[PDB]
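Report on one structure; see the data block that follows.
Both backbone and side-chain heavy atoms feed into the values below; hydrogens, waters and symmetry mates do not. Below, chain A is the first sequence line, B the second, and so on; all start at residue 1.
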Amino acid sequence: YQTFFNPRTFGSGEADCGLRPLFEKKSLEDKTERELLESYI
Amino acid sequence: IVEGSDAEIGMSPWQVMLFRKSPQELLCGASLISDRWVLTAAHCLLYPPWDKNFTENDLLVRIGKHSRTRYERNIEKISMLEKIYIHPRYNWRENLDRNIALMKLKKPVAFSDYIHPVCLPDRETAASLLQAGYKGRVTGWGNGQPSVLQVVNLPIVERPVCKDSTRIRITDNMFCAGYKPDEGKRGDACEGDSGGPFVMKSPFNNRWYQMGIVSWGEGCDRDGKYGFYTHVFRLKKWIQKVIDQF
Ligand SMILES: *[C@@H]1O[C@H](CO)[C@@H](O)[C@H](O)[C@H]1NC(C)=O
């Protein structure tokens, strides 16, 4: 229980959040994510 | 979604679709934030002017879908809802301030290559990424309508421009995003995308964060206006209070 939400009530998932099994986890990029990252000046 | 492109399989694994049980109809988008909690817009569940006031047993959600019309065997999952919680200060008669709701799944969903939660922003992420010009992403089906999930990337708008684009009284709990009415581009979220997530990818840790919740829309035309989004980071402590008790 070092996460912001208590897993007892939140359930599982917080620690590995936001890393997509088919993209980030495989070092693969989607077709338009560059457009987002390039906008972050 | 209007003027978007085909999303790729597994590209938005936190996307959740909310349906009316009977008669069966797609109502709104939503997002998976854990194996048992889903975030959406309050107006997807409660909007008295249209006689909308759903209870847990009136709805269901489908998770892990890509095709709107094809049933994806052993991929998509369906879940009933145990409880719905709408923000007590949600202002439906005026400006839709605090337009946010949480839904607890009757049973946790199993994560897979197609189902995975999105992150909620921490302070540094919100301060760093929620800036005019920076783009976020919205996903949903096309609307004749669509075959597969569509995606659009939209830039956050300066607050003075948002404020002058509408007669409603905006609050700091919402932000607006979209391209200028000219046509530098003009993809956008639509009515059917209400409740879905507006996500941004942190260049710092490679993770996707849900910065907003698609607010009100009617059709796919805003008559020169910008779509609004509920500011998730500002409502983070409310989300925690509901979950830590629910
Ligand atoms: C029923 O709908 C009314 C009118 O929209 C709303 O004020 C009330 O909170 C709803 N009832 C419950 C307990 O969900």
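Distance check: A/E14 CD to B/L120 CG gives 7.5 Å after rounding to the nearest 0.5 Å. With rounding to the nearest 0.5 angstrom, the CG atom of B/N206 is 11.0 Å from the NZ atom of A/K25. Note that NZ of B/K201 is 7.5 Å distant from CD of A/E29, once rounded to the nearest 0.5 Å. Atom-to-atom distance recorded for B/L129:CG and A/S39:OG is 8.5 Å, nearest 0.5 angstrom.
Annotation: cation-pi geometry satisfied between B/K236 and A/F4 (NZ/CZ under 6.0 angstrom from ring centroid, within 45° of ring axis).
Not one N or O on the side chain of B/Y114 forms a donor-acceptor pair closer than 3.5 Å with the backbone of A/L22. Using modelled atom types, one side-chain atom of B/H116 and one backbone atom of A/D16 make a donor-acceptor pair closer than 3.5 Å. In this structure, B/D35 contributes its side chain and A/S12 its backbone to a donor-acceptor pair below 3.5 Å. Within the 3.5 Å criterion, the main-chain N or O of B/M11 finds a donor-acceptor partner in the side chain of A/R20. At least one donor-acceptor pair under 3.5 Å links the side chain of B/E8 to the backbone N or O of A/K31.
Residue A/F23 touches chain B through its side chain alone, counting heavy-atom pairs closer than 4.5 Å. In this structure, chain A has heavy atoms under 4.5 Å from both the backbone and the side chain of B/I239. Both the backbone and the side chain of A/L19 come within less than 4.5 Å of a heavy atom of chain B. Within the 4.5 angstrom heavy-atom criterion, only side-chain atoms of B/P13, from C-beta onward, approach chain A. Both the backbone and the side chain of B/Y134 come within contact range of chain A, each with at least one heavy atom under 4.5 Å from a heavy atom of that chain.
In terms of the side chain to side chain donor-acceptor pair (under 3.5 Å) criterion, B/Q150 has no residue partners (sequence neighbours excluded).
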- Starting from the C-alpha separation in whole Å, work towards a yes-or-no answer on side chain to side chain contact (heavy atoms under 4.5 Å, CB included) for B/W37 and A/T9. CA-CA 10 Å; B/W37 287 98; A/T9 51; 5.5 Å; no

- Test log, rule side chain to side chain contact (heavy atoms under 4.5 Å, CB included), inputs B/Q131 and A/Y40: CA-CA 9 Å; B/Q131 315 231 65; A/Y40 307 161; over 6 Å; no

- Tell me, with the steps shown, if A/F10 and B/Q240 meet side chain to side chain contact (heavy atoms under 4.5 Å, CB included). CA-CA 9 Å; A/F10 196 63; B/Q240 180 186 52; over 6 Å; no

- Message: Using the rule given for side chain to side chain contact (heavy atoms under 4.5 Å, CB included), can you reason through B/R207 versus A/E24, listing the C-alpha separation, both sets of side-chain angles and the distance that settles it, and then say yes or no?
- Response: CA-CA 8 Å; B/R207 298 181 183 243; A/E24 289 77 23; over 6 Å; no

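Residue B/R186 places its CZ atom among more than 12 non-hydrogen atoms of other residues, nucleotides or ligands, all under 6.0 Å distant. Remark: B/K225 NZ is packed, more than 12 non-hydrogen atoms of other residues, nucleotides or ligands lying under 6.0 Å away. Environment of CZ in B/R89: sparse, with no more than 12 heavy atoms of neighbouring residues, nucleotides or ligands closer than 6.0 Å.
Between B/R137 and A/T32, some side-chain heavy-atom pair lies under the 4.5 Å cut-off.
With chain A as the partner, the residue from B/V118, B/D113, B/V199 showing the most heavy-atom pairs under 4.5 Å is B/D113. Per-residue heavy-atom pair counts under 4.5 Å with chain B were compared for A/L37, A/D30, A/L28, A/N6, and the maximum is reached by A/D30.
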